[PDB]
């Protein structure tokens, strides 16, 4: 399903560790699939995300909110990737046609490892029209 895409391609372990939680979410707000411990994702939050891709940097004041949790905005890519820093851990959000790929990492996992996994899947879904 969309679960296979979350279980195999996002929550798969690189070296030792893996992401804390991950999800593929319609730009509408509709979960396509999530991992066991991905937070319910307030509607106010999904908006803030979607409209930061349309007009880059819109989110910067309030910052990336995912399931109540505040993440400071790191360098993203303009209209493609949004990145979030919360102490050692963080989050990456990669935009598709229809959807968002979201990964959330905690140390000892790196931003790099999170970026790899989230953006790679993203670019696949884009290739496929999603």
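Residue numbers count along the first chain shown, from 1.
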On average, which has the higher Cα B-factor in the deposited entry, 45 to 53 or 91 to 99? 45 to 53
Between 3 to 11 and 121 to 129, which has the larger average Cα B-factor in the PDB entry? 3 to 11
From 82, 33, 60, 104, can you pick the one with the highest C-alpha B factor in the entry? 60
Could you place residue 113 in the lowest, middle or highest third of its chain by Cα temperature factor, using the values in the record? lowest
